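Engineer:
2 protein chains.
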Amino acid sequence: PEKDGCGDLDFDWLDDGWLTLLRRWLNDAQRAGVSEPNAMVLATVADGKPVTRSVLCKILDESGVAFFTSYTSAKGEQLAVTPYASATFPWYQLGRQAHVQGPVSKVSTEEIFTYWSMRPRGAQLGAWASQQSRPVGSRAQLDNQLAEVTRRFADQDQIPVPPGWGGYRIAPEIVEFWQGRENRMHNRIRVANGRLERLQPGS
Amino acid sequence: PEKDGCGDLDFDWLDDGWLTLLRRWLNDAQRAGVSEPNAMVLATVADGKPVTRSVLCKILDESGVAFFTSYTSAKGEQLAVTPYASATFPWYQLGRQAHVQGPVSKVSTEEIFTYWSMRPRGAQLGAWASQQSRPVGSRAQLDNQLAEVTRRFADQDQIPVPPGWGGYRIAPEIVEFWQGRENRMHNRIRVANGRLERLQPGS
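Protein sequence lines, in the order shown, are assigned to chains A and B.
One gets the deposited numbering by counting positions in the first sequence from 1 and adding 23 to each.
One gets the deposited numbering by counting positions in the second sequence from 1 and adding 23 to each.
1. In the DSSP assignment, find the unbroken alpha helix (DSSP H) run with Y115/A in it and report its ends.
2. DSSP three-state label for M208/A, please.
3. In the DSSP output, what is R76/A paired with across the bridge?
4. What is the DSSP secondary structure of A194/B, counted as helix, strand or coil?
5. Could you check the C-alpha separation between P126/B and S109/A for me, to the nearest Å?
6. From the DSSP output, which residues share a beta bridge with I82/B?
7. Run the CB neighbour count on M141/A, radius 10 Å, all protein chains shown included, and call it buried at 16 or more, exposed below.
8. For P224/B, return the contacting residues in chain A, with the cut-off set at a CB-CB distance below 7 Å.
9. Going by C-alpha distance, which of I193/A, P60/A, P186/A is nearest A52/A?
10. Under DSSP, the beta strand (DSSP E) around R218/B begins and ends at which residues?
11. Does the contact criterion of 3 or more C-beta pairs under 8 Å hold for the segment 95 to 111 of chain A versus the segment 69 to 84 of chain A?
12. Taking all protein chains shown into account, decide if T92/B is buried (16 or more other Cβ within 10 angstroms of its Cβ) or exposed.
13. DSSP has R213/A in a bridge; who is on the other side?
14. Can the beta-carbon of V57/B be found less than 8 Å from the beta-carbon of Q120/B?
15. Counting pairs of beta carbons, one from the segment 187 to 199 of chain B and one from the segment 212 to 219 of chain B, are three or more of them closer than 8 Å?
16. Taking 8 Å as the threshold (C-beta atoms), are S153/A and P224/B in contact?
17. Run through chain B and tell me which residues come within less than 9 Å of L169/A, C-beta to C-beta.
18. Is it right to say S156/B is buried, meaning 16 or more other beta carbons lie within 10 angstroms of its own, or is it exposed?
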């Protein structure tokens, strides 16, 4: 009970729909000092087996949750074969989690440009520096990669989008809010087809 | 490079094997005040589609990472059909991640007893109060479930293991260490067939 300082998560918390509540939860985490409050752990499937890693949620609206990545990465390939994902926001400090699962689609060239342009150039370089799946043996080699990319763009103030870099967006088909409680009787609300369902703590 | 106070993770950080490094990283997460240092996001598969939620890693050894849960949860059913998982320790505050993927076996009845007994009275009751199927319409109902189970065991000093309750272990067939860097030239070392491998940041 203590952890988020709040009373029980219940149906009425969803009165303004799933989006308002997620946006509020994401803001409580930001405000409470959580590091990377917008990071989520994304699961995809590779040859029938699940694979997990962390990505940064950059857009949240009625169409779902979006993040940015190289199309050439393993996440990209896996999502190309099996375009469904699940993501979890792990807000342990507050005893909270939210999960989103659904079909994945690419974001617009439009949107890619915008979020690419807000990117601090320290990172713009970094993106370009990552030599998509090129063999690497040392760390020095990584350094050379970033030096080489840095020179190449030194006289450019408007670094362009790499040829295979864009985003993906998970549709909010199933969204679950999880509020933990000291006496293990966790509050679990699942949203699906505009219907709401309360789940037993142990699933 | 800031976030864990450290230089680059490299092959020499693996000299005494993945187990020892995962243990060091878990411990660093503790010393730093990270909430739920041992929690991990577990992905499973449900009819070819990934599914995520957090579990607590309670055993870390040579045979892999283990957590405890009701066999009758969605996660248990999913692991029964497709006994492979991936898990991620999201240490965002230190800019670190560890991933572990592999086949999944049940823990023994021996170890279930041992870890069950280490739970405080509150958590054992909590676990017994989660009634596997039974739909839930109100939150007051969870309360009465905890109150039935409290009264039912009022005279038992030592509460028994619930009938459906046990553990799962992920074998360390792939282990990745991820250490973020301000310049985006993240360090990534994957472990597989005792062979080490540096990966390009952008996967």
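Backbone N, C-alpha and C fix where the C-beta goes; we use that ideal spot for every residue, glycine too.
Structural biologist: In this structure, then:
1. For the purposes of this step, residue 115/A is taken as residue 92 along the first sequence, with counting starting at 1. Careful: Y115/A lies outside any alpha helix (DSSP H) and carries neither H nor E.
2. Mapped onto the first sequence, residue 208/A falls at position 185. Note: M208/A maps to coil in three-state DSSP.
3. If you number the first sequence from 1, residue 76/A lands on position 53. Bridge partners of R76/A: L65/A.
4. Looking up residue 194/B in the second sequence gives position 171. Coil.
5. Here residue 126/B refers to the residue found at position 103 when the second sequence is read from its first residue. Here residue 109/A refers to the residue found at position 86 when the first sequence is read from its first residue. C-alpha separation (whole angstroms): 20 Å.
6. To locate residue 82/B, count along the second sequence from 1; it is residue 59. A89/B.
7. Position 118 of the first sequence, counting from 1, holds the residue named residue 141/A. Result: exposed.
8. Working through the second sequence from its first residue, we reach residue 224/B at position 201. Ordered by position in chain A, the residues that pass the 7 Å Cβ test against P224/B are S153.
9. Reading the first sequence from its first residue, position 29 is the one you call residue 52/A. Residue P60/A is the option with its Cα nearest to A52/A.
10. Position 195 of the second sequence holds residue 218/B. Note, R218/B: beta strand (DSSP E), 218 to 221.
11. Yes, they touch.
12. Position 69 of the second sequence holds residue 92/B. The residue is buried, with at least 16 neighbouring Cβ atoms inside 10 Å.
13. The sequence position of residue 213/A within the first sequence is 190, counting from 1. According to DSSP, which records beta bridges pairwise, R213/A is partnered with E199/A, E220/A.
14. As a working note, residue 57/B is residue 34 in the second sequence. As a working note, residue 120/B is residue 97 in the second sequence. Not a contact, by the Cβ cut-off of 8 Å.
15. Under the three-pair Cβ rule at 8 Å, the segment 187 to 199 of chain B counts as touching the segment 212 to 219 of chain B.
16. Against the second sequence, residue 224/B aligns to sequence position 201. Against the first sequence, residue 153/A aligns to sequence position 130. In contact: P224/B and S153/A (Cβ atoms closer than 8 Å).
17. Counting from 1 along the first sequence, the entry for residue 169/A is found at position 146. The contacting residues are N206, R207, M208.
18. Locating residue 156/B in the second sequence gives position 133, where the first residue counts as 1. Classification of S156/B: exposed, given that the 10 Å Cβ count is below 16.
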